[PDB]
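Spelled out, the chains give:
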Amino acid sequence: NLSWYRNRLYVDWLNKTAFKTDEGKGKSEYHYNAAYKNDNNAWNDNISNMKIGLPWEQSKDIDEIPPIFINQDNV
Amino acid sequence: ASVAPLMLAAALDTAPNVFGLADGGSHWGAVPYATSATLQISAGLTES
Amino acid sequence: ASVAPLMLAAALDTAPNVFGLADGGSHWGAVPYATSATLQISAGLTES
Amino acid sequence: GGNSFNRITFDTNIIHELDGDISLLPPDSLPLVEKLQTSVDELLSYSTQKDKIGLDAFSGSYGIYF
Amino acid sequence: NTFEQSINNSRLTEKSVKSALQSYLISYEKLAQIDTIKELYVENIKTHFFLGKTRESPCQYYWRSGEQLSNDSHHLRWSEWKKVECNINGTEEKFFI
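- Listed as the method for this PDB entry is cryo-EM; the listed resolution is 3.25 Å.

Shown next as structure tokens:
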């Protein structure tokens, strides 16, 4: 998803890969990323491959999902 | 502009790579290789 | 013409490599290394 | 005896100000980016140097840049 | 030095100096977000030393120094944020620094 924040263009994405890290858990951590176009049309990189567990457990569609969007994670 | 992707790639290479009863895969010298490559880019830039 | 094979190689390197009770093998920083190498090729091209 | 020792001091946090009325923080860089996207004349003007950047904040920790 | 040798053309236009000005502000906006973590007051050499992380999930620490007494006047003799080069910048987790 695109998002216009701090007069910049952020873009955020997850990655569907399991990463059982606790090795008893399932769907434990997923990689989350961010970037921002500068005014030289050059892409920097905010977050870059940070591990976050899914807010929703297992369903393709949920009702509401906002991210904290300053370095943290909730619904 | 080719300086920050090298340091970010060497940051990402120190994360472990192999999972599931084989810990590790993290390249240990990746951040000094990117330091050397960044400093070579700086030398070529100053000569340009 | 040596720009698109680097980005395609870094696309293919992020796929997992080892299978069978050892997940992973995917090079994490491959796309920033190809970004740096592509931008070095662009700098050498512009100086040529 | 031929050695020295330190103290580890685990789990420190953000230092906002130095001891005795010295701020380590800059003024907000968001309006300068707001005014980059307009002309240079609306950025390098006295009205943007009044409220967005102080007089004492023009010197201090980030003063060389200003 | 980045600005001074970006406008180093021969038949200059205003587009080039505005582009170098944009690059200067983009480089400044990173340094305006450095998060000061660790302090150190050396007493022999009358200096402070700071250790500053940036606001990315990779760490990318920096350092600076104020070069006199903190209350000799209102002014310390400050310094540019410069990057600490080796082995801190991996995406790992630290007990202490």
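Still more ground to cover, so stick around.
**Quick look at the sheet that holds strand β3 (residues 62–66) of chain E**
Pairing between the strands of a sheet is mediated by backbone hydrogen bonds and can be parallel or antiparallel.
Residues and elements named next belong to chain E.
Piece 1. Across the sheet, four strands lie side by side as β1-β2-β3-β4; this open sheet has antiparallel pairing. Looking at the sheet topology across the chains shown, the edges are occupied by β1 (35–42) and β4 (82–83).
Piece 2. Of the pairings in the sheet, the one linking β3 to β4 comprises two bridges and is antiparallel in character. Paired with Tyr-62 across the two strands is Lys-83, which belongs to β4.

**Observations concerning the side chain of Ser28(A)**
Residue and element names in this part refer to chain A.
Piece 1. Among the secondary structure elements, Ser-28 is positioned in the loop between β2 (8–14) and β3 (30–37).
Piece 2. Residue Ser-28 is classed as buried on the basis of its relative accessible area, which comes to 5%.
Piece 3. For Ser-28, the side chain forms a polar contact with the main-chain oxygen of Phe-19, separated by 2.3 Å.
Piece 4. At 2.7 Å, the side chain of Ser-28 forms a polar contact with the side chain of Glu-29.
Piece 5. Leave out the neighbours within four places in its chain, and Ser-28 touches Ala-18, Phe-19, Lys-20, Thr-21 and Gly-53.

**What to know about the nonpolar core**
What tends to happen in soluble globular proteins is that the nonpolar side chains get buried as a cluster.
Piece 1. Of all hydrophobic cores here, the largest spans eight residues; its members are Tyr62(D), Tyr65(D), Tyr28(E), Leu31(E), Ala32(E), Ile34(E), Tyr62(E) and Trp81(E).
Piece 2. When near neighbours in sequence (up to four residues on either side) are disregarded, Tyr28(E) contacts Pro26(D), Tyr62(D), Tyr65(D) and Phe66(D).

**Brief notes about the interface of chain E and chain D**
Piece 1. Contacts between chain E and chain D engage 28 residues on the former and 29 residues on the latter.
Piece 2. For the pair chain E and chain D, the two sides together bury roughly 2,600 Å², of which 64% comes from carbon and sulfur.
Piece 3. When the buried surface of chain E facing chain D is broken down by residue, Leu25(E), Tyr28(E) and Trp78(E) rank first, second and third, together holding 23% of it.
Piece 4. For the interface between chain E and chain D, the tally reads six residue pairs in polar contact.
Piece 5. At eight residues, the largest contribution of residues to the side of chain E that touches chain D is made by helix α1 (residues 14–31) of chain E.
Piece 6. Its residues assigned to classes, the side of chain E that touches chain D shows 14 nonpolar, seven polar and seven charged.

**Considering the packing of aromatic side chains**
Piece 1. Taken as a whole, this structure holds 12 aromatic pairs over all chains when the rule is applied.
Piece 2. Ring centres of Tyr65(D) and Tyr28(E) lie 5.4 Å apart, and the angle between their planes is 50°; this geometry places the pair in the tilted category. Linking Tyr65(D) in the segment after α2 (46–50) with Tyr28(E) in helix α1, this pair reaches from one chain into another.
Piece 3. Residue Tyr28(E) is classed as buried on the basis of its relative accessible area of 5%.
Piece 4. Each member of the aromatic cluster is reached from another via a ring pair, and the members are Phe58(D), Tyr62(D), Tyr65(D), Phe66(D) and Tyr28(E).
Piece 5. Lying across the ring of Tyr36(A), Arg8(A) places its NZ or CZ 3.9 Å from the centre.
Piece 6. One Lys or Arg, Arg64(E), reaches over the ring of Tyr62(D) and ends 4.8 Å from the middle of that ring.

**Here's the deal with helix α1 (residues 4–13) of chain B**
Piece 1. Counting buried residues in α1(B) gives nine out of 10 residues, a clear majority hidden from the surface.
Piece 2. Within α1(B), burial applies to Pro5(B), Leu6(B), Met7(B), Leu8(B), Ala9(B), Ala10(B), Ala11(B), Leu12(B) and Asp13(B).
Piece 3. Turning to α1(B), the residues buried within the fold contact α2 (30–47) of chain B, α2 (30–47) of chain C together with β4 of chain E.

**Comments concerning the pattern of salt bridges**
Opposite charge on two side chains permits pairing when their charged atoms draw close.
Piece 1. All told, the structure shown has two salt bridges over all chains when counted by the stated rule.
Piece 2. Here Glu29(E) ties to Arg8(A) by a salt bridge, and the two come within 3.0 Å at their closest N and O atoms. Separated into two different chains, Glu29(E) in helix α1 and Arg8(A) in strand β2 make up a pair that spans both.
Piece 3. On the accessibility criterion, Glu29(E) (5% relative accessible area) is buried.
Piece 4. Where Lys18(E) meets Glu14(E), a salt bridge forms, and the shortest distance between an N and an O atom there is 3.8 Å. Here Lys18(E) pairs with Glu14(E), and both are found in helix α1, just four residues apart, close to one helical turn.
Piece 5. Here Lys18(E) falls in the partly exposed class, since its relative accessible area comes to 34%.
Piece 6. Using a relative accessible area of 55% as the deciding quantity, one classes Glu14(E) as exposed.

Cut-offs used in this document
- Per chain, the count goes from 1 following the written sequence and can depart from the entry's numbering; residues without coordinates do not appear at all.
- Think of it this way: whatever chain is written first is A, whatever ligand is written first is 1, and the rest follow in order.
- Each value listed here was derived from the chains shown, which are themselves a piece of a larger assembly.
- The basis for every side-chain value is the complete set of heavy atoms in the structure, and neither hydrogens nor water enter the calculation.
- Whether two strands pair depends on DSSP finding at least two bridges between them.
- Only DSSP runs of H or I reaching four residues or more are called helices, and only runs of E reaching two or more are called strands; each is numbered from the N terminus.
- Any residue under 20% of the maximum accessible area for its type is buried, any over 50% is exposed, and the rest in between are partly exposed; the area is computed with a 1.4 Å probe on protein chains only.
- N or O atoms within 3.5 Å of each other form a polar contact, as long as, within protein, one can give a hydrogen and the other can take it, and as long as residues adjacent in sequence are counted only when both atoms are side-chain atoms.
- Here, residues are in contact when the closest pair of their heavy atoms is within 4.5 Å.
- Here the nonpolar core consists of buried residues drawn from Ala, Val, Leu, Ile, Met, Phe, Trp, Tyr and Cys, with membership extended through side-chain atoms lying within 4.5 Å.
- Accessible-area loss on putting two parts together, using a 1.4 Å probe and summing over both, is the definition of buried area adopted here.
- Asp, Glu, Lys and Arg are counted as charged, while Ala, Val, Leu, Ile, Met, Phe, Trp, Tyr, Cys and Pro are counted as nonpolar; the rest, among them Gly, fall into the polar class.
- Two aromatic rings, drawn from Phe, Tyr or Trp (for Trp, its six-membered ring), form a pair once their centres lie within 6.5 Å of each other, and the interplanar angle then sorts them: stacked below 30 degrees, edge-to-face above 60, tilted otherwise.
- By definition here, charges over rings are those cases where NZ of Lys or CZ of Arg is within 6 Å of the ring centre and within 35 degrees of the ring normal.
- The salt bridge criterion pairs a side-chain nitrogen of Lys or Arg with a carboxyl oxygen of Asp or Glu, the two atoms within 4 Å.

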